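To start, the structure itself, in structure tokens.
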Amino acid sequence: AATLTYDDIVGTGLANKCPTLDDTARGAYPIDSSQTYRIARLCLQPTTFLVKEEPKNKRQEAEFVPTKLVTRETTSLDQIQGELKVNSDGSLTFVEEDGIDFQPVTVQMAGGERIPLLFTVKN
Amino acid sequence: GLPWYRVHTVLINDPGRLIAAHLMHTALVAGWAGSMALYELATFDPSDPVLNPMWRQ
Ligand code: CLA
Ligand code: CLA
Ligand code: CLA
Ligand code: CLA
Ligand SMILES: CC1=C(/C=C/C(C)=C/C=C/C(C)=C/C=C/C=C(C)/C=C/C=C(C)/C=C/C2=C(C)CCCC2(C)C)C(C)(C)CCC1
Ligand SMILES: CCCCCCCCCCCCO[C@@H]1O[C@H](CO)[C@@H](O[C@H]2O[C@H](CO)[C@@H](O)[C@H](O)[C@H]2O)[C@H](O)[C@H]1O
Ligand SMILES: CCCCCCCS[C@@H]1O[C@H](CO)[C@@H](O)[C@H](O)[C@H]1O
């Protein structure tokens with residue numbers, strides 16, 4: 001796509017969205033276990049915040065319920081980088097080193113109770 | 001003059017003012033219902049319809 005500049009994006013809400021890949025991308029990325037790897041950019045874009053209701057009994061199935069975001073398009077984690085290790089069992093382990101890895105978020109429950117959280121993947 | 005308990009008799013032969021008085025009663029009643037609903041909303045806890053429903057409150 002026409003590689004977007006800041007002036008293309010500013011004020012649209014696009015700045016809080018993560019890059020996407022289209023439907024053709026159902027491939028496989030080879031891992032060479034002699035090679036070291038990195039995640040150059042990790043982006044996390046929340047689309048729903050659920051809060052666990054705090055019921056009277058105890059014991060009952062307490063459900064997570066929907067909430068309304070009141071802090072606007074300020075919620076995403078991005079520009080995150082770090083090591084991607086290849087372990088002896090062929091698993092990969094991502095070790096986050098740095099980035100914009102937290103956002104304060106306030107969501108509002110039905111009835112008005114506001115639930116602030118530090119939405120994060122720190123460390 | 002009229003005794004205190006007859007003051008509203010002035011409306012018996014005054015359809016326009018009778019309508020006015022009826023309008024004012026109707027305003028008061030509807031104002032009551034609105035105010036009452038607001039007070040209830042300001043005091044009602046919706047968080048437990050099982051053991052704290054409206055009729056307990
Ligand atoms: C739709 C119902 C209704 C209507 C439109 C009327 C209308 C009238 N009545 Mg009747 N009456 C009613 C029901 C009604 N009555 C009921 C249920 C009773 C039994 C309680 C009476 C007993 C009654 C008597 C004994 C007399 C009247 C009289 C009158 C006339 C003069 C009223 C006046 O000046 O009061 C003026 C009233 C005041 C200045 C203050 C009254 C304060 C009250 C006692 C306490 C507060 C009331 C409160 C604000 C109202 C809350 C609403 C309620 C429904 C919860 C008038 C035609 C009089 C009449 O015939 O005159 C020739 C008369 O002597 N009425
Ligand atoms: C097509 C003819 C017609 C219609 C539709 C009505 C309707 C009504 N009459 Mg009646 N009435 C009529 C002919 C009519 N009347 C005739 C020919 C006479 C002899 C003159 C009367 C004598 C009469 C008296 C003495 C009284 C009524 C009252 C009422 C009202 C009682 C219920 C109320 O207040 O609800 C609550 C109100 C609402 C939910 C709001 C309704 C919205 C209104 C209709 C819009 C108003 C705008 C409109 C252009 C103004 C003209 C209305 C008028 C035709 C009713 C109601 C609106 C009573 C009243 O007015 O009490 C307050 C009352 O005291 N009527
Ligand atoms: C079907 C329902 C209904 C009916 C028929 C009435 C009828 C009446 N209302 Mg209304 N009203 C209603 C619903 C009703 N209301 C609702 C839901 C509200 C909102 C709360 C009101 C609010 C309201 C107010 C603010 C006023 C009225 C008044 C009136 C009276 C006007 C005519 C009159 O001069 O009487 C003359 C009065 C009487 C015949 C006496 C009626 C006595 C009642 C029935 C018992 C009172 C108990 C006790 C003595 C009250 C002490 C209260 C105290 C502890 C604070 C009449 C009796 C007016 C009135 O009473 O004017 C003086 C008046 O000021 N009404
Ligand atoms: C204009 C349209 C309108 C609408 C859609 C509503 C809607 C409502 N009102 Mg409101 N309200 C209105 C006007 C309106 N209101 C007006 C003008 C007044 C002032 C008098 C009020 C005063 C009022 C009060 C005091 C309260 C409500 C409440 C409510 C709620 C419950 C209604 C209910 O249970 O009725 C019940 C209706 C009765 C059962 C109707 C009975 C009719 C009798 C039996 C008729 C008899 C005469 C007839 C001629 C007989 C012959 C008929 C023939 C067909 C054979 C509902 C949201 C309630 C609420 O939740 O408040 C927040 C409540 O407490 N409202
Ligand atoms: C003008 C106007 C307006 C506004 C209005 C309003 C704001 C209103 C309100 C209203 C209201 C807010 C009303 C209220 C009412 C109330 C009432 C009317 C009450 C009554 C009471 C009673 C009657 C009582 C009794 C008793 C007692 C006291 C005790 C016990 C016993 C008994 C129950 C008997 C607007 C903006 C819309 C615009 C248009 C015009
Ligand atoms: C045209 C009409 C004019 C409008 C004016 C009247 C409106 C009445 C609407 C009532 C609904 C709001 O009702 C009001 O809600 C909030 C939210 O729980 C309550 O608020 C209460 O709880 C919350 C959360 O626990 C606290 O932040 C607050 O300090 C406390 O006061 C109020 O105590 C209540 O009275
Ligand atoms: C004409 C009514 C205007 C006032 C409406 C007030 C908002 S509505 C109000 O909101 C509160 C907070 O979410 C709730 O706790 C409460 O249950 C609800 O009634």
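Ordering of the structure tokens sets the chain letters (A, B, ...), residue numbers begin anew at 1 in every chain, and ligands are numbered from 1 in the order given.
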Q: Please run DSSP on the backbone and report, as a PyMOL selection string, all residues within chain B that come out as helix (DSSP H, G or I).
A: chain B and resi 4-11+15-43+54-56
Find the residues near ligand 7. Use a cut-off of 6 Å, count only C-alpha atoms and all ligand atoms, and write them as a PDB file with N, CA and C atoms, in the first residue's frame.
```pdb
ATOM      1  N   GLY A 111     -23.337   0.541  34.934  1.00  0.00           N
ATOM      2  CA  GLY A 111     -23.586   1.168  36.257  1.00  0.00           C
ATOM      3  C   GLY A 111     -22.631   2.258  36.642  1.00  0.00           C
ATOM      4  N   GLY A 112     -21.526   2.337  35.909  1.00  0.00           N
ATOM      5  CA  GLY A 112     -20.612   3.479  36.056  1.00  0.00           C
ATOM      6  C   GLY A 112     -19.290   3.253  36.719  1.00  0.00           C
TER       7      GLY A 112
ATOM      8  N   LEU B  41     -33.539   6.036  41.002  1.00  0.00           N
ATOM      9  CA  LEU B  41     -32.312   5.772  40.213  1.00  0.00           C
ATOM     10  C   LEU B  41     -31.053   6.177  40.971  1.00  0.00           C
TER      11      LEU B  41
END
```
Q. What do you get as a ChimeraX atom specification if you pick all residues at most 12 Å from ligand 3, counting only C-alpha atoms and all ligand atoms?
A. /B:4-12,18,21-36
Would you output that residue set with N, CA and C atoms, as a PDB file, in the first residue's frame?
```
ATOM      1  N   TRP B   4     -62.268  28.490  54.114  1.00  0.00           N
ATOM      2  CA  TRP B   4     -61.052  27.911  53.568  1.00  0.00           C
ATOM      3  C   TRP B   4     -61.302  26.663  52.764  1.00  0.00           C
ATOM      4  N   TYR B   5     -62.260  25.843  53.202  1.00  0.00           N
ATOM      5  CA  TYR B   5     -62.557  24.579  52.596  1.00  0.00           C
ATOM      6  C   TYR B   5     -63.406  24.665  51.294  1.00  0.00           C
ATOM      7  N   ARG B   6     -63.760  25.878  50.871  1.00  0.00           N
ATOM      8  CA  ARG B   6     -64.501  26.133  49.619  1.00  0.00           C
ATOM      9  C   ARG B   6     -63.747  26.944  48.555  1.00  0.00           C
ATOM     10  N   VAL B   7     -62.462  27.251  48.788  1.00  0.00           N
ATOM     11  CA  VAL B   7     -61.796  28.176  47.901  1.00  0.00           C
ATOM     12  C   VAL B   7     -61.833  27.706  46.441  1.00  0.00           C
ATOM     13  N   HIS B   8     -61.806  26.413  46.212  1.00  0.00           N
ATOM     14  CA  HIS B   8     -61.688  25.950  44.816  1.00  0.00           C
ATOM     15  C   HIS B   8     -63.039  25.991  44.083  1.00  0.00           C
ATOM     16  N   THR B   9     -64.116  26.302  44.816  1.00  0.00           N
ATOM     17  CA  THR B   9     -65.459  26.411  44.184  1.00  0.00           C
ATOM     18  C   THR B   9     -65.546  27.536  43.162  1.00  0.00           C
ATOM     19  N   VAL B  10     -64.579  28.462  43.196  1.00  0.00           N
ATOM     20  CA  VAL B  10     -64.555  29.515  42.229  1.00  0.00           C
ATOM     21  C   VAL B  10     -64.439  28.965  40.812  1.00  0.00           C
ATOM     22  N   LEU B  11     -64.042  27.715  40.682  1.00  0.00           N
ATOM     23  CA  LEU B  11     -63.898  27.147  39.336  1.00  0.00           C
ATOM     24  C   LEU B  11     -65.160  26.513  38.729  1.00  0.00           C
ATOM     25  N   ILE B  12     -66.247  26.408  39.486  1.00  0.00           N
ATOM     26  CA  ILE B  12     -67.409  25.615  39.067  1.00  0.00           C
ATOM     27  C   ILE B  12     -68.018  26.149  37.781  1.00  0.00           C
ATOM     28  N   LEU B  18     -60.860  25.931  35.276  1.00  0.00           N
ATOM     29  CA  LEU B  18     -60.957  24.543  35.670  1.00  0.00           C
ATOM     30  C   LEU B  18     -59.929  23.731  34.895  1.00  0.00           C
ATOM     31  N   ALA B  21     -56.558  24.564  36.338  1.00  0.00           N
ATOM     32  CA  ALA B  21     -56.310  23.840  37.559  1.00  0.00           C
ATOM     33  C   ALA B  21     -56.042  22.364  37.328  1.00  0.00           C
ATOM     34  N   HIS B  22     -56.777  21.793  36.390  1.00  0.00           N
ATOM     35  CA  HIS B  22     -56.552  20.407  36.029  1.00  0.00           C
ATOM     36  C   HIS B  22     -55.172  20.210  35.410  1.00  0.00           C
ATOM     37  N   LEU B  23     -54.777  21.167  34.575  1.00  0.00           N
ATOM     38  CA  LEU B  23     -53.446  21.167  33.965  1.00  0.00           C
ATOM     39  C   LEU B  23     -52.356  21.230  34.994  1.00  0.00           C
ATOM     40  N   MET B  24     -52.529  22.091  36.013  1.00  0.00           N
ATOM     41  CA  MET B  24     -51.567  22.223  37.079  1.00  0.00           C
ATOM     42  C   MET B  24     -51.517  20.920  37.914  1.00  0.00           C
ATOM     43  N   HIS B  25     -52.671  20.283  38.247  1.00  0.00           N
ATOM     44  CA  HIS B  25     -52.658  19.010  38.965  1.00  0.00           C
ATOM     45  C   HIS B  25     -51.884  18.010  38.134  1.00  0.00           C
ATOM     46  N   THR B  26     -52.167  17.949  36.825  1.00  0.00           N
ATOM     47  CA  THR B  26     -51.531  16.992  35.930  1.00  0.00           C
ATOM     48  C   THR B  26     -49.986  17.255  35.864  1.00  0.00           C
ATOM     49  N   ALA B  27     -49.599  18.521  35.855  1.00  0.00           N
ATOM     50  CA  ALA B  27     -48.167  18.915  35.933  1.00  0.00           C
ATOM     51  C   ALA B  27     -47.501  18.410  37.215  1.00  0.00           C
ATOM     52  N   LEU B  28     -48.193  18.586  38.337  1.00  0.00           N
ATOM     53  CA  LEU B  28     -47.704  18.131  39.610  1.00  0.00           C
ATOM     54  C   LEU B  28     -47.534  16.627  39.667  1.00  0.00           C
ATOM     55  N   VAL B  29     -48.535  15.907  39.168  1.00  0.00           N
ATOM     56  CA  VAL B  29     -48.497  14.450  39.201  1.00  0.00           C
ATOM     57  C   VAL B  29     -47.338  13.938  38.287  1.00  0.00           C
ATOM     58  N   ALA B  30     -47.221  14.503  37.101  1.00  0.00           N
ATOM     59  CA  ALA B  30     -46.206  14.047  36.187  1.00  0.00           C
ATOM     60  C   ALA B  30     -44.797  14.434  36.733  1.00  0.00           C
ATOM     61  N   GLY B  31     -44.692  15.610  37.341  1.00  0.00           N
ATOM     62  CA  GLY B  31     -43.470  16.037  38.043  1.00  0.00           C
ATOM     63  C   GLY B  31     -43.114  15.102  39.188  1.00  0.00           C
ATOM     64  N   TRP B  32     -44.127  14.626  39.905  1.00  0.00           N
ATOM     65  CA  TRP B  32     -43.916  13.626  40.911  1.00  0.00           C
ATOM     66  C   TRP B  32     -43.327  12.374  40.328  1.00  0.00           C
ATOM     67  N   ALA B  33     -43.897  11.896  39.238  1.00  0.00           N
ATOM     68  CA  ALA B  33     -43.453  10.640  38.719  1.00  0.00           C
ATOM     69  C   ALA B  33     -42.020  10.734  38.254  1.00  0.00           C
ATOM     70  N   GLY B  34     -41.681  11.874  37.661  1.00  0.00           N
ATOM     71  CA  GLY B  34     -40.300  12.106  37.170  1.00  0.00           C
ATOM     72  C   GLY B  34     -39.288  12.189  38.323  1.00  0.00           C
ATOM     73  N   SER B  35     -39.651  12.973  39.381  1.00  0.00           N
ATOM     74  CA  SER B  35     -38.827  13.137  40.547  1.00  0.00           C
ATOM     75  C   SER B  35     -38.621  11.853  41.277  1.00  0.00           C
ATOM     76  N   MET B  36     -39.716  11.102  41.422  1.00  0.00           N
ATOM     77  CA  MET B  36     -39.691   9.804  42.124  1.00  0.00           C
ATOM     78  C   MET B  36     -38.747   8.832  41.401  1.00  0.00           C
TER      79      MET B  36
END
```
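Counting only C-alpha atoms, every residue of chain B that comes within 9 Å of chain A is listed here: residues 45, 46, 47 and 48 of chain B.
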Mind writing the picked residues with N, CA, C and O atoms as a PDB file, in the first residue's frame?
```pdb
ATOM      1  N   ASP B  45     -29.587  -0.032  43.640  1.00  0.00           N
ATOM      2  CA  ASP B  45     -28.392  -0.833  43.366  1.00  0.00           C
ATOM      3  C   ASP B  45     -28.797  -1.985  42.436  1.00  0.00           C
ATOM      4  O   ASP B  45     -29.476  -2.932  42.852  1.00  0.00           O
ATOM      5  N   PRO B  46     -28.340  -1.933  41.199  1.00  0.00           N
ATOM      6  CA  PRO B  46     -28.714  -2.948  40.224  1.00  0.00           C
ATOM      7  C   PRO B  46     -27.849  -4.153  40.251  1.00  0.00           C
ATOM      8  O   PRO B  46     -27.977  -4.968  39.329  1.00  0.00           O
ATOM      9  N   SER B  47     -26.942  -4.281  41.212  1.00  0.00           N
ATOM     10  CA  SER B  47     -25.908  -5.274  41.070  1.00  0.00           C
ATOM     11  C   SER B  47     -26.321  -6.736  41.455  1.00  0.00           C
ATOM     12  O   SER B  47     -25.567  -7.682  41.211  1.00  0.00           O
ATOM     13  N   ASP B  48     -27.515  -6.932  42.016  1.00  0.00           N
ATOM     14  CA  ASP B  48     -27.900  -8.268  42.467  1.00  0.00           C
ATOM     15  C   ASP B  48     -29.413  -8.484  42.394  1.00  0.00           C
ATOM     16  O   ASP B  48     -30.120  -8.338  43.396  1.00  0.00           O
TER      17      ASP B  48
END
```
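The gap separating CA of residue 44 in chain A from CA of residue 18 in chain A is 6.6 Å, in Å to one decimal.
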Q | All strand (DSSP E) positions in chain A, as number ranges by chain | A | A: 37-44, 50-52, 64-66, 68-69, 77-86, 92-100, 102-108, 114-120
Q: To one decimal in Å, tell me the separation between CA of residue 77 in chain A and CA of residue 17 in chain A.
A: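 Taking CA of residue 77 in chain A as the start and CA of residue 17 in chain A as the end point, the length is 9.5 Å.
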Q: With a distance cut-off of 10 Å and only C-alpha atoms, select the neighbouring residues of range 27-33 of chain A, excluding the residue or stretch itself and same-chain residues fewer than 6 positions from it, and output the selection as a PyMOL selection string.
A: chain A and resi 85-88+90-92
**Q.** Polymer residues at most 12 Å from range 66-71 of chain A, only C-alpha atoms, same-chain spacing of 5 or more positions, as a list in words
**A.**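 Once the nearby chain positions are removed, what remains is residues 46, 47, 48, 49, 50, 51, 52, 53, 76, 103, 104, 105, 106, 107, 108, 109, 110, 111, 112, 113, 114, 115, 116 and 117 of chain A.
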Please produce a file of the residues just selected, as a PDB file, in the first residue's frame, where the atoms kept are C-alpha atoms.
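File produced: out.pdb:
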```
ATOM      1  CA  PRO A  46      -6.579  -4.448  22.339  1.00  0.00           C
ATOM      2  CA  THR A  47     -10.116  -4.700  20.956  1.00  0.00           C
ATOM      3  CA  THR A  48     -12.018  -5.747  24.132  1.00  0.00           C
ATOM      4  CA  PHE A  49     -11.508  -5.356  27.829  1.00  0.00           C
ATOM      5  CA  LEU A  50     -13.448  -7.753  30.058  1.00  0.00           C
ATOM      6  CA  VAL A  51     -13.568  -7.364  33.844  1.00  0.00           C
ATOM      7  CA  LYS A  52     -14.413 -10.223  36.201  1.00  0.00           C
ATOM      8  CA  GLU A  53     -17.560  -9.403  38.151  1.00  0.00           C
ATOM      9  CA  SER A  76      -1.973  -0.138  22.158  1.00  0.00           C
ATOM     10  CA  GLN A 103      -0.648   1.858  28.607  1.00  0.00           C
ATOM     11  CA  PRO A 104      -2.908   3.087  31.381  1.00  0.00           C
ATOM     12  CA  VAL A 105      -6.509   2.260  30.428  1.00  0.00           C
ATOM     13  CA  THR A 106      -9.822   3.077  32.064  1.00  0.00           C
ATOM     14  CA  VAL A 107     -12.869   1.032  31.192  1.00  0.00           C
ATOM     15  CA  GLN A 108     -16.308   1.559  32.626  1.00  0.00           C
ATOM     16  CA  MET A 109     -18.604  -1.197  33.856  1.00  0.00           C
ATOM     17  CA  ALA A 110     -22.379  -1.147  33.445  1.00  0.00           C
ATOM     18  CA  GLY A 111     -23.586   1.168  36.257  1.00  0.00           C
ATOM     19  CA  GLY A 112     -20.612   3.479  36.056  1.00  0.00           C
ATOM     20  CA  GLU A 113     -17.810   1.879  38.063  1.00  0.00           C
ATOM     21  CA  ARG A 114     -14.478   2.839  36.368  1.00  0.00           C
ATOM     22  CA  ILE A 115     -11.731   0.248  36.256  1.00  0.00           C
ATOM     23  CA  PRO A 116      -8.272   1.639  35.607  1.00  0.00           C
ATOM     24  CA  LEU A 117      -5.549  -0.837  34.628  1.00  0.00           C
TER      25      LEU A 117
END
```
Q) From the list A:34, A:57, A:79, A:74, which residue is nearest residue 13 in chain A when using only C-alpha atoms? A) A:74
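Note that CA of residue 15 in chain B and atom 42 (C, counted along the ligand's line) of ligand 4 are 23.7 Å apart.
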Q: Could you tell me which of B:14, B:40, B:3, B:20 comes closest to residue 54 in chain B if we count only C-alpha atoms?
A: B:40
Q: Select, from B:37, B:53, B:43, B:19, the residue with the minimum atom-to-atom distance to ligand 4, counting only C-alpha atoms and all ligand atoms.
A: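 That would be B:37, the residue with the smallest distance to ligand 4.
Residues lying within 7 Å of residue 84 in chain A, counting only C-alpha atoms and ignoring same-chain neighbours fewer than 6 positions away, are residues 37, 38, 39, 92, 93, 94 and 95 of chain A.
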Mind dumping the selected residues with N, CA and C atoms as an mmCIF file, in the first residue's frame?
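Output file out_31.cif follows:
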```cif
data_model
loop_
_atom_site.group_PDB
_atom_site.id
_atom_site.type_symbol
_atom_site.label_atom_id
_atom_site.label_comp_id
_atom_site.auth_asym_id
_atom_site.auth_seq_id
_atom_site.Cartn_x
_atom_site.Cartn_y
_atom_site.Cartn_z
ATOM 1 N N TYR A 37 17.945 -14.925 16.490
ATOM 2 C CA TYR A 37 16.866 -14.107 15.978
ATOM 3 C C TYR A 37 16.440 -13.029 16.987
ATOM 4 N N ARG A 38 15.643 -12.097 16.476
ATOM 5 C CA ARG A 38 15.063 -10.993 17.244
ATOM 6 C C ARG A 38 13.681 -10.711 16.753
ATOM 7 N N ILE A 39 12.848 -10.186 17.642
ATOM 8 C CA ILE A 39 11.603 -9.566 17.229
ATOM 9 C C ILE A 39 11.924 -8.082 17.152
ATOM 10 N N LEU A 92 10.732 -21.756 20.644
ATOM 11 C CA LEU A 92 11.232 -20.398 20.640
ATOM 12 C C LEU A 92 10.816 -19.698 21.926
ATOM 13 N N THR A 93 11.682 -18.831 22.423
ATOM 14 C CA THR A 93 11.325 -17.975 23.551
ATOM 15 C C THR A 93 11.670 -16.516 23.240
ATOM 16 N N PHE A 94 10.642 -15.690 23.280
ATOM 17 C CA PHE A 94 10.765 -14.247 23.122
ATOM 18 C C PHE A 94 11.005 -13.657 24.497
ATOM 19 N N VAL A 95 12.115 -12.924 24.618
ATOM 20 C CA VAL A 95 12.436 -12.153 25.819
ATOM 21 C C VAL A 95 12.326 -10.671 25.543
#
```
Q: Can you pull out every residue within 12 Å of residue 97 in chain A, counting only C-alpha atoms, but drop anything in the same chain fewer than 6 positions away, and send it as a PyMOL selection string?
A: chain A and resi 38-42+79-84+121-123
May I have the residues from that selection written out with C-alpha atoms, as an mmCIF file, in the first residue's frame?
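The new file selection-v9.cif reads:
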```
data_model
loop_
_atom_site.group_PDB
_atom_site.id
_atom_site.type_symbol
_atom_site.label_atom_id
_atom_site.label_comp_id
_atom_site.auth_asym_id
_atom_site.auth_seq_id
_atom_site.Cartn_x
_atom_site.Cartn_y
_atom_site.Cartn_z
ATOM 1 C CA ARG A 38 15.063 -10.993 17.244
ATOM 2 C CA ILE A 39 11.603 -9.566 17.229
ATOM 3 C CA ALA A 40 12.186 -6.099 15.725
ATOM 4 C CA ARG A 41 8.660 -4.880 16.397
ATOM 5 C CA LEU A 42 5.916 -6.342 18.473
ATOM 6 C CA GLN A 79 7.665 -0.609 19.196
ATOM 7 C CA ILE A 80 8.455 -3.576 21.447
ATOM 8 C CA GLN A 81 11.667 -5.482 20.709
ATOM 9 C CA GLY A 82 13.721 -8.302 22.089
ATOM 10 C CA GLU A 83 15.542 -11.592 21.732
ATOM 11 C CA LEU A 84 13.968 -14.564 20.089
ATOM 12 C CA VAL A 121 3.566 -6.907 28.760
ATOM 13 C CA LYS A 122 6.513 -5.592 30.758
ATOM 14 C CA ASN A 123 9.273 -8.183 30.994
#
```
